[PDB]
Each structure stands twice: as structure tokens, then as C-alpha cells.
Amino acid sequence: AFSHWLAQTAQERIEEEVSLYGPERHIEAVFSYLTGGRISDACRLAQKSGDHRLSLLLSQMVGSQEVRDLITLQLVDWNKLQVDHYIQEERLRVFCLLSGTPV
Amino acid sequence: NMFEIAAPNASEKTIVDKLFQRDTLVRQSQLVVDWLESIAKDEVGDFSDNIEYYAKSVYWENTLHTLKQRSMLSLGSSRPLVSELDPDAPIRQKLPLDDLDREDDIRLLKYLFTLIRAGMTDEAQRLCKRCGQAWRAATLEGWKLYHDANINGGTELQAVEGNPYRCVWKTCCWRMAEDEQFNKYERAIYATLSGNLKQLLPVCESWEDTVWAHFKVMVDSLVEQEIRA
Amino acid sequence: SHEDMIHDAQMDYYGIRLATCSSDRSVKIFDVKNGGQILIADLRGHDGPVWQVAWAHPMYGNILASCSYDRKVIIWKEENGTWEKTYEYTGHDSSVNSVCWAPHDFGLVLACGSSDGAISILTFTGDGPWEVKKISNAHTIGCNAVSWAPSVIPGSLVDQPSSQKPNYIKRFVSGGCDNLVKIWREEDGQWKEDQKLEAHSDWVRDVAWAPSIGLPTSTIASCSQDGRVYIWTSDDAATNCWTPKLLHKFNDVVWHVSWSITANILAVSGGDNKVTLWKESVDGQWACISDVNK
Amino acid sequence: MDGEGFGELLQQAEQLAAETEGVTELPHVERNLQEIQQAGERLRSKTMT
């Protein structure tokens, strides 16, 4: 019921930032879509834009706990790899959202 | 006592095991598939211990070192490369990648491609967590369904497996196949996960592979038919 | 016609169209008939001077590839009377120097070497991808000349009937500018070291596979800048039986070697503005049976 | 039937091996420090590049 509530609530928020954003702002749209748990229309957007890798990522957002084990070890690896300095924290905050890491 | 009828009343694994029990044709199809892939796994054996000597765990090491030297030296390079490690960083960016990178990639693609044409899934996550494609291992999970039965005892794990967005997610893969532009391995694996005949044509050419694919496609189409039923 | 003198010019399988490439920056094409000929085209595109092209086998149809100084290889396919630019590759640091088609028995793959010190081999599905087979440190300095495996040659195939199809192992040869020649076989998905050859203490210029139809043996005419022309021959590489013989001691920097389309004789470009026509006589020795003053 | 004192040691070994196989980096998809060894020595190889 809480989820259906948020579905009702975030309608106008989506309608406002949708004019704001675009495939330029697509990771910001990712953040919004994650905040909504609005995987359906997120995927529909990603496909109408042909965003296959991102669409595949979308299903993984609420996968099994093994998904998060994957992300923990994978990001520990990227830490040992220093790649963040070469990768925008934008996709990285997407990654934190997927991994359940708030900070 | 063949064949049954019911209505959704509990977790979809009820649907699943009903479907498995009810029909014959799919049953012998399942058995002949078990045959062929038992053949496959007998061929496999200890590929685990044998990959002990295939290993590299540096992500796009050549691009790594060359962008490092561009940032690091008096002289950079005149050569275009991704700024991103993304599994779709190049093709999304259209940017090139290095041959040694992509070809050790293709090598591991043989490894796991074969492992999953056999379905050797334990070794599959093994190789994923070797080479750091935990992203790809995640991508592996888009089809395996969802359940839980913790209607009992304390808060205890009966099943937490995946995202129930899978019917539509296979539909998405279906349309990705209609979009094409893939490597052989990804093309084959996901045209497989879709049972897409034309994009499954390229890789299976053996007698065993073609009969195998016949069974795979027909088992899928059937199984989804009585899913929706 | 062409603004610069011609390096290479090749007729078709059927004798009815001629492609002619110079370093004059474009390549011109005549239809061929009755002794008459109309320049049907002059293909542009090559932002480096052009040396070589490469026709493909007839059961595939009509296919041409070309190298230039700009490190660009342009790829041309003929339609409705129109040859046109179908695939083009670059990514190279030094001018792409050697391109040569493989036997149709192996398929539609071109070999592409440059003096980069390393070489790629590119497959065209004929409608699809251009499969890349790039080998680095192929030379410590650079690649000069390369030859394929011709697909079928005697030596063990007398007992192999015509109805069946034999295993097609991929091999080839080449020589570079590190003063060395080398021989390659394909396996594990890649190519490894058949042979290292160090006899010309100077750079090798051109290499000639004797089309060994009727030959169990393996025969090479290697021409270098050092004026030494080596017939390298092995009856068996597994017993390691490659041996050098002198073919001729020309005192010029020895330049080019190309076997006949009839696969009978060899044409050798010398530092004399001449092309010596050599034939291995019926007996045991290599006789310059004729000449063409270039 | 008999030999339960030995079955005790058997299950002790079974659980020690269960530790050794589920944790301690050994078999069934454990992160083997050998591949990190690889990573570091390839770093060194990149150093001498």
C-alpha cells in the first residue's frame, strides 16, 4: 500500500523533472527512477532510446542478495583499482544505489 | 492421471512444478536435454582446475596503462579510448578498445560460452568472480525467477532470488535481439535465453547442436504458453 | 591516363576487366573485350599513395582490396557495373604495405601486413563482420612482404579422394625488415611460430611461394636488398628440412617476385628496370627463360 | 552401527573441510588470492613496461 501511495505521489515529480532531463541528464533520470522504484517506465524509456546495457542493469536493481555480494566484491576491486578517479561519480552513485551503500 | 487444472493461490513455484509434472512431451524433451548436457558436463570435468592457468584480473589493462601514460608523460597518444570502464563504454561511446584487452575477452568468452552452452553454472560464477565481471554475473540472473516461502518459523531465508520483472525482461531481451549489433557470445547466449531461431542459427551447426536447439526452442515456447495459461 | 607510373595492375579471372593502381592517388579500371577497352572507372579515396590491391575468388564473385600510405585499407565491391567502397580500415601507425587474399577454400579473408612490426588479418563474412586477427610484435622492426598458404598442394593428398573435404589448417609465410623471415601456423585460435629464418643479413624485399602443384615439397624464392636470391626448400618442416640454394646473384637490390597466374614461372623485378622471367627447368636448375624491360 | 568415536573425528574433519571450502579461499567459487597475486605482479610488469 505504501508503494502504491508513492506511485500516486511521485507522478507530478516525474512530470516535473521529465521536462528537466534527457539522455544528457540520463543518469539523473536513473537516480529519479531509482528513487521511484519505477522500473517499468524506466525500462520503457531506456528502450525507446535503445539503452540496452542500462535496461539490463535495471532488472538487477532488486535482484537476489547475490547481486549485492557481486557489487560489494566488484567495488572493493574497483577500489583496489583506483578507477573512480577516471570514472565520474555519476554512474558511481547509480552503483551505490544498486549496492545499497548510502555513503 | 495425466494433466491438471488450478488457479493462482500461492507462490509461482506452484505454477512451475505443476507445469513440470503435468505434460509428457516436455518431460521427454527435458530428459533428452539432460542426456545431451550430461554429455557436455562429462566433457567438461575439471575445467575449474584447468582455468588455473588462463587467468588475468586487470580490467582493460592496455587501455589502463596507455591512458595512464597519456596523463603521466610529456607525450600522450593520438589514439582514441574510452574514459569509462562500462561494459557498454566503447559501443555507447563508439570509442575503440585495445586488441589484447578485447581478445583475452574473447578467450574468456570461449571459456564461459562453452560453460553455459553446457550450462556449467557453478564454474560460471567461478569465472565471473575470477575476472571481475560481477556485472556480467549479475546480467546472468535476469531470467531466473523469484520465490519465498518464509511463511514459517522466524524470519529465515526460503528464497530471495532475483527481480520478478522477468517476463517483461525476456521480452526486452527479445527486442534487443531484434536490435542486433552483438558479439557472437552475447548474441548466442541471449538469443538462446529468448529461443530466437534466426539469431540462434549462427552458432549451432552440429547435428547435436541443432536438435538441441530444436528442443530448447520448443520447450521454451511451450513452457511460457502454460505460464500465461 | 594515370598521373604516376603503375606499381600494380591486375586483370580478372575472366580477362575482361583490368584494375590499375599507381601511387597517383587513384586507381583506374577498364572493361576488356575484343582487344578494345573502355576506362569504366577511376576510384578515388586513398589518402595515402597506393601500391597494391587484392582480387578475390570467382565463386564469391568480384572483390577488391587496396592499401595506402594513409594507413587506410579501402575495400571495394562491384555492383551493376559499379565497383564501390565497401569497407575501410585504419588504426595503423605506418603505411599499410602488404595485402593478399586467402584461397577460397579457406574463404574471404585478406592478410594485411605493414612495416608496423605487427600484422592483422581481416575476414569479411561477405555480408557481415570484419573479423580481426591482429598479431603484435610480429616484427621487432616491421613487416615488408607476406604470403598466404595456398590451400591445396601435393605431398600427402594422393590417397585423399576428391569426394571428401580435408582438414584446412591455416599457415603462411612472410619476411620483414628486422633482417629476418618467419613462418606461421594457426591454432588455439591464434598463430604461432613455425619458423625463424636468418640468412639475408639485410632486409628482405619480396617473397615468392612456388605454387607447388605437383610438389610434395615447400619452395620459396626470397629476394632481399642484399642481392641474394634464396630458394628455400623443405620436403618436411617437421623433420626441419629447409635449405638455401642460390637462384641468381644479381648485383642490384633485388626487388620483387611474383608467380604466374598459370602458376608456371616466376617474374622477378630487378634493380635494372627489368623483370627477369625465370623457370625452374625440367631438369634441376633455375633458368632465366626470358625478360621484360620495364 | 559401531565406531562412533571415529565418526566424531570424521564429522570434525567434515566441518573443518566445510570451513576450508566455503571460506579460506578454497574451491566452489572463492576469491583466490592467487589471482590478486597475478594482479600485483602484472602491475609490476606494467612498471617495467
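Residues numbered from 1 in each chain as written, not as in the entry; some residues may be left out. Chains lettered and ligands numbered in written order. Part of a larger assembly, values for the part shown. Heavy atoms only, no water.

Its PDB header attributes the entry to cryo-EM and lists the resolution as 8.1 Å.

Engineer: Explanation requested: the UniProt feature "repeat: WD" (unreviewed entry) in chain C in the structure shown.
Structural biologist: Residue and element names in this part refer to chain C. The positions that UniProt labels "repeat: WD" (unreviewed entry) are, in the present scheme, residues 43-86 and 197-232. In residues 43-86, the share of helix is 0% and the share of strand is 57%. The end C-alpha atoms are 12 Å apart. With 0% helix and 50% strand, residues 197-232 has its two end C-alpha atoms placed 10 Å apart. (UniProt positions renumbered as here; feature names shortened; annotations may be inferred. Helix = DSSP H or I, 4+ residues; strand = E, 2+ residues; numbered from the N terminus.)

Engineer: Got a minute to help me understand helix α1 (residues 12-22) of chain B in this structure?
Structural biologist: Every α-helical turn comprises 3.6 residues, leaving residues that sit three or four positions apart pointing alike. All names here are of chain B. Regarding α1, the residues found buried are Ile 15, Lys 18, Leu 19 and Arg 22. Projected down its long axis, α1 shows its buried positions confined to an angular sector of 100 degrees, all on one face. Summarising the contacts, the buried residues of α1 are in contact with α12 (207-228). (Buried < 20%, exposed > 50% of the residue type's maximum accessible area, 1.4 Å probe, protein only. Arc of directions from axis to C-beta. Contact = heavy atoms within 4.5 Å.)

Engineer: In this structure, what is going on with the packing of aromatic side chains? I would like to understand it.
Structural biologist: The geometry of two aromatic rings is summed up by the distance between their centres and the angle between their planes. Residues and elements named next belong to chain C. For the structure shown, the criterion picks out 17 aromatic pairs over all chains. Ring centres 6.0 Å apart and planes at 90 degrees place the aromatic pair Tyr 230 and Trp 232 in the edge-to-face group. We classify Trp 232 as buried; its relative accessible area is 10%. An aromatic cluster is defined as three or more aromatic residues linked by ring pairs; in this entry it consists of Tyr 87, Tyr 89, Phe 124 and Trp 130. Sitting above the plane of the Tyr 69 ring, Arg 71 keeps its charged end 4.6 Å from the centroid. The positively charged end of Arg 171 is found above the aromatic ring belonging to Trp 209, 4.5 Å away from the centroid. (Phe/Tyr/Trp six-rings, centres within 6.5 Å; stacked < 30°, edge-to-face > 60°. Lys NZ or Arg CZ within 6 Å of the ring centre and 35° of its normal.)

Engineer: Quick question: what am I supposed to make of the arrangement of the chains here?
Structural biologist: Summarising the chain contacts, three pairs of chains touch, and the pair with the most contacts is chains A and B. In this view chain C stays clear of chain D, with the nearest C-alpha atoms of the two still 14 Å from each other.

Engineer: Where do I start with helix α9 (residues 166-179) of chain B in this structure?
Structural biologist: Look at α9 of chain B: 19 Å from first C-alpha to last across 14 residues, which is about the 20 Å you get at 1.5 Å a residue. Buried residues of α9 of chain B: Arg 166, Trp 169, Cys 172, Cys 173, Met 176 and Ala 177 of chain B, and no others. The arc that holds every buried residue of α9 of chain B, seen down its axis, measures 145 degrees, which confines them to one face. Turned more than 90 degrees off the buried face of α9 of chain B, the exposed positions are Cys 167 and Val 168 of chain B. If you follow the buried residues of α9 of chain B, they end up packed against α3 (39-48) and α4 (52-60) of chain A together with α8 (134-139), α10 (184-194) and α11 (197-200) of chain B. Where α9 of chain B ends, the next residue or the one after it, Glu 180 of chain B, has phi of about 65 degrees, a positive value. (Expected span 1.5 Å × (residues − 1).)

Engineer: So what exactly am I meant to see when it comes to the pattern of salt bridges here?
Structural biologist: Oppositely charged side chains can pair when the atoms bearing their charge come close. Residues and elements named next belong to chain B. One pass over the structure, following the stated rule, counts 23 salt bridges over all chains. For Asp 42, the salt bridge identified is with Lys 41, shortest N-O distance 2.6 Å. For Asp 42, a relative accessible area of 52% puts it in the exposed group. The salt bridge partner of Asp 209 is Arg 117, with a shortest N-O separation of 2.3 Å. Linking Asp 209 in helix α12 with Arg 117 in helix α6 (residues 99-117), this pair joins segments that are 92 residues apart in sequence. (Salt bridge = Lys/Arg side-chain N within 4 Å of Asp/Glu carboxyl O.)

Engineer: Would you mind showing me how to read empty space enclosed by the protein here?
Structural biologist: If a probe as big as a water molecule is rolled over the atoms, it shows which places are left empty. Residue and element names in this part refer to chain C. Summed over all chains, the structure comprises eight cavities of 30 Å³ or more. A volume near 100 Å³ is recorded for the largest cavity. Contributing to the lining of the largest cavity are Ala 65, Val 73, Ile 75, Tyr 87, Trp 101, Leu 108, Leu 110, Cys 112, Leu 122, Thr 123, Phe 124 and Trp 130. At the level of elements, β7 (73-79), β10 (109-114) and β11 (118-124) are the ones that each hand at least two residues to the lining of the largest cavity. Per-element tally for the lining of the largest cavity: the top contributor is β11, with three residues. Grouping the constituent residues of the lining of the largest cavity by class yields eleven nonpolar, one polar and no charged. (1 Å grid on protein atoms, 1.4 Å probe; cavity = no way out; pocket = protein on both sides within 12 Å on 5 of 7 lines; lining within 4 Å. Points joined across faces, edges and corners; volume = space filled by probe spheres on them. Nonpolar A, V, L, I, M, F, W, Y, C, P; charged D, E, K, R; others polar.)

Engineer: Is there a simple way to think about the sheet that holds strand β22 (residues 266-270) of chain C in this case?
Structural biologist: Two strands in a sheet stick together by hydrogen bonds in their backbones, pointing the same way (parallel) or opposite ways (antiparallel). Residue and element names in this part refer to chain C. Reading across from one edge, β21-β22-β23-β24 is the order of the four strands in this open sheet, with antiparallel pairing throughout. Both outer strands of the open sheet, β21 (256-259) and β24 (286-293), are each paired with one neighbouring strand and no more. Ignoring strand direction, the axes of neighbouring strands in this sheet form an average angle of 25 degrees. Where β21 meets β22, four bridges bridge the pair, whose relative direction is antiparallel. (Pairing = 2+ DSSP bridges. Axes fitted to C-alpha atoms, helices over the stretch in contact; angles between N-to-C directions.)

Engineer: Looking at this structure, how should I read the packing of helix α2 (residues 25-44) of chain B against α12 of chain B?
Structural biologist: Any two packed helices are characterised by how steeply their axes cross, that is the angle between the axes, and by the distance between the axes. All names here are of chain B. Two elements in contact, α2 and α12, have axes whose closest approach is 10 Å; the angle formed by their N-to-C orientations is 140 degrees. Note on packing geometry: the crossing formed by α2 with α12 is left-handed. The residues of α12 that touch α2, namely those facing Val 26, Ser 29, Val 32, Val 33, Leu 36 and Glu 37, are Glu 208, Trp 212, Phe 215, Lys 216, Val 219 and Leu 222. Among the residues forming the contact of α2 with α12, the class breakdown is eight nonpolar, one polar and three charged. (Left-handed = near helix turned anticlockwise from the far one by under 90°.)

Engineer: Can you walk me through the interface of chain B and chain A in this structure?
Structural biologist: Think of interface size as the accessible area that goes away when the parts come together; that is how it is often given. Counting residues at the interface gives 27 residues for chain B and 23 residues for chain A. Buried surface at the junction of chain B and chain A, both sides included, amounts to about 2300 Å², of which 63% is carbon and sulfur. Where chain B packs against chain A, one counts zero salt bridges. Inspection of the region where chain B meets chain A yields seven residue pairs in polar contact. When contributions to the side of chain B that touches chain A are tallied by element, the ones reaching two or more residues are α8 and α9 of chain B. Per-element tally for the side of chain B that touches chain A: the top contributor is α8 of chain B, with six residues. Considering only residue class, the side of chain B that touches chain A consists of 14 nonpolar, seven polar and six charged. (Buried area = accessible area lost by both parts, 1.4 Å probe. Polar contact = N/O pair within 3.5 Å; in protein donor to acceptor, adjacent residues only side chain to side chain.)

Engineer: What should I look at first to understand the sheet that holds strand β20 (residues 243-246) of chain C in this one?
Structural biologist: Residues and elements named next belong to chain C. Within the open sheet, the four strands sit side by side as β17-β18-β19-β20. Their pairing is antiparallel. Across the chains shown, the open sheet's two edge strands, defined by having one partner strand only, are β17 (204-209) and β20. Neighbour-to-neighbour, the strand axes of the sheet open up by a mean angle of 25 degrees, direction not taken into account. Bridge count for strand β18 (residues 218-224) against strand β19 (residues 229-234) is six bridges, and the pairing is antiparallel. Bridge assignment links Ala 221 to a residue of β19, and that residue is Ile 231.

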